[PDB]
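One chain comes next, on its own, written as structure tokens: the form deposited in one PDB entry.
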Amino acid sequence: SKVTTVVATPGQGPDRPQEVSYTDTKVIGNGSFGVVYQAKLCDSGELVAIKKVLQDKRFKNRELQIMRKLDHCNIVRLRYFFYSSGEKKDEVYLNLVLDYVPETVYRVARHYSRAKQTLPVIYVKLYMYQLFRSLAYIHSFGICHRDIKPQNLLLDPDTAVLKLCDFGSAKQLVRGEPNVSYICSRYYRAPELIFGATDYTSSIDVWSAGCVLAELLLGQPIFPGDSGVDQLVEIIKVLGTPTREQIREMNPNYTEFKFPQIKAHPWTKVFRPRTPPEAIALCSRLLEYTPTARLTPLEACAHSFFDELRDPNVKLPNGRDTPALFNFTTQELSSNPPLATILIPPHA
């Protein structure tokens, strides 16, 4: 029954503060700078998630400035933001008020993995297609997420709508300006990140997305390990030993190191026999040593693996309509505009 009011600025629209009221506050998760709360907006009854972020008094918050300019059906929407105190004494925190999505792709993946069952391929196509759309959108701004993983893929299981979240590591990459290499989470780090490269591109998101696809097909992470050595061995066991030309494309400081000598394992034996060959073909074009050889997010959306989604008769397993898949904007298509031939089917 307790109603809380704060003055807050809308995530989008005019920079005009307004009174926002919320109730039914409850802890739902953990964050690096405080717990994450769920709340219910009084004006609309909509559920929101509130997370704390350390406000740097020197620079503008990178996560905030990125989220205020993003508007895409497969990206979590910033509703409001305001400042308050919190966990540490004498500290001012930035509060990000986000549309609440109850589940993640990881929860669905572990649900089938625990039951020793395969996630139905139609859900694999839907989740990965929506993920690549969100990547193509942010990459068109030059923004790299730098922390793609199943736990950061919000999911409404009823409508199968996916939304990318957690832009705390996101950065607009500028060629020629170095970046920290310690971003991205274990299992999902591109090999150039394992090699500590400071000169990398948005293609690290595509490698991480390839790791998500392989995990959804395998029922477990494809490149597990608690250290970079253990992760690299699992990568080499699949892709083979990287050639010196490939190491120079990742981090030329590592060209002369001693790596385990293993020939590549055939892609058709990495996954179970019944895995659809289009899914395997797509993974081989995402998990590539050479970053420029990986598909772009927009190229991945047009891959034959997602042809079933462009069927005019595609239906969800429960029977609902598939979510919005073809409402591409000029910004979203800017990396390859004439790709809308495949991406937008005739019935759209």
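Take the two forms, superpose them, and find the largest set of C-alpha atoms that agree within 1.5 Å; that set is the rigid core. For every residue, the number given is its place in the sequence shown, counted from 1.
The same protein has a further form, the form deposited in another entry, not shown here; the description that follows concerns it.
Checking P277, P224, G142, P260 for C-alpha shifts of 2 Å or more between this form and the one not shown, after the rigid core is superposed, gives a single hit: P260.
Relative to the superposed core, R114 undergoes a Cα shift smaller than 2 Å between this form and the one not shown. Positional change of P157 between this form and the one not shown stays under 2 Å at the C-alpha, relative to the superposed core. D311 shows a C-alpha shift below 2 Å between this form and the one not shown [criterion: core-superposed Cα displacement of 2 Å]. A change of 3 Å or more separates the two forms for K88 and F167: their C-alpha atoms lie farther apart in that other deposited form. The Cα-Cα distance between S32 and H145 is shortened by 3 Å or more in that other deposited form relative to the form shown here.
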